[PDB]
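Before any comments, here is the structure.
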Amino acid sequence: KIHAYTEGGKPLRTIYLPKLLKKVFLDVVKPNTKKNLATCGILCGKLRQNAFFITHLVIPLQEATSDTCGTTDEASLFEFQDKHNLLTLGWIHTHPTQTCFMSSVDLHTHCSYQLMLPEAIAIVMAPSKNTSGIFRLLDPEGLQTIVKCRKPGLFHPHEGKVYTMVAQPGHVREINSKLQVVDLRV
Amino acid sequence: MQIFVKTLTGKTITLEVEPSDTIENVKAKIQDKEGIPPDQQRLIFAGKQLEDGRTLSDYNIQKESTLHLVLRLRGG
Ligand SMILES: [Zn+2]
Ligand SMILES: [Zn+2]
């Protein structure tokens, strides 16, 4: 009954998000959150009858500070996803003490995911605020701003609106579906 | 010659390359065509991650070979 469109009028397919995922993520990375360290994860799943289902939350090998996190062994992540035929549907990460928003770095990261899958989503958890948000770039205009960007500085701003929250009912729908958590860390 | 770069999102990218091209050349081509900067790309062929200063011929990548693209993830 509910069909979503980008800013340029392209159809977005629905992504079914397990209700438990946000909470389970917070629990699984809680140790880090406690040491004021950020953590990221990959939202993995399958395409069935023109809709995507998130089935796996994958915690990759990574490094972190109180305000950054990054993967360090993407080959191990590829091997897991390839063996299990899991698509990359988006990503999730914490802002242990900051508000819920997409940073410059966050947008540069997400742009590439969203170029590769128009439906891709970025989930940002702000546990110290008990807030969270599901974001994507504006398409095409936000994607264009970030693709053409050549500004240095981890915190550089961009001209114009670049991103938005996914709408409610949306292309993302939160459903009572099962979830597997895969921790590729030591 | 044409090679393919298969993502983890159900997309296949077609590139025009020569055997003599380096991996960093190939990542630049991906950026030109697809808008992904080279520093976010990791390319895998035959189970191994490709290193920037080597050539396609160093890994026996030939006409119509398929490489795989996996992206880094950075929050910041
Ligand atoms: Zn920028
Ligand atoms: Zn962030």
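Each position is counted from 1, following the chain as shown.
Using the three backbone atoms N, Cα and C, a Cβ is placed for every residue, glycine included.
For A:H95 (Zn(2+) 1 binding site), other Cβ atoms within 10 Å of its Cβ number 25. Annotated Zn(2+) 1 binding site per Swiss-Prot: A:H93, A:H95, A:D106, in sequence order, evidence recorded as sequence analysis.
Around A:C149 (Zn(2+) 2 binding site), the C-beta neighbours below 8 angstroms that are at least 6 residues distant in the chain are A:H108, A:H156, A:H158. Taken from Swiss-Prot, the feature Zn(2+) 2 binding site applies to A:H108, A:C149, A:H156, A:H158, supported by similarity to another entry.
Residues annotated as motif 'JAMM motif' in Swiss-Prot, with sequence analysis given as evidence: A:93-106.
Per-class residue totals from DSSP over the motif 'JAMM motif' (A:93-106), listed helix then strand then coil: 3 helix, 2 strand, 9 coil. Using the Cβ center of A:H108, A:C149, A:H156, A:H158 for Zn(2+) 2, the list of other same-chain residues with Cβ within 8 Å runs, in sequence order, A:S104, A:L107, A:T145, A:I146, A:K151, A:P157. Under a cutoff of 8 A between CB atoms, and with a sequence separation of 6+ in the same chain, the neighbours of A:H93 (Zn(2+) 1 binding site) are A:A38, A:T39, A:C40, A:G41, A:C69, A:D106, A:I123, A:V124, A:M125. Taking all protein chains in view, 20 other C-beta atoms sit within 10 angstroms of the C-beta of A:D106 (Zn(2+) 1 binding site). Ligand 2 lies within reach of A:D106 from the binding-site residues A:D106, A:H108, A:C149, A:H156, A:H158, judged by a C-beta closer than 6 angstroms to any of its atoms.
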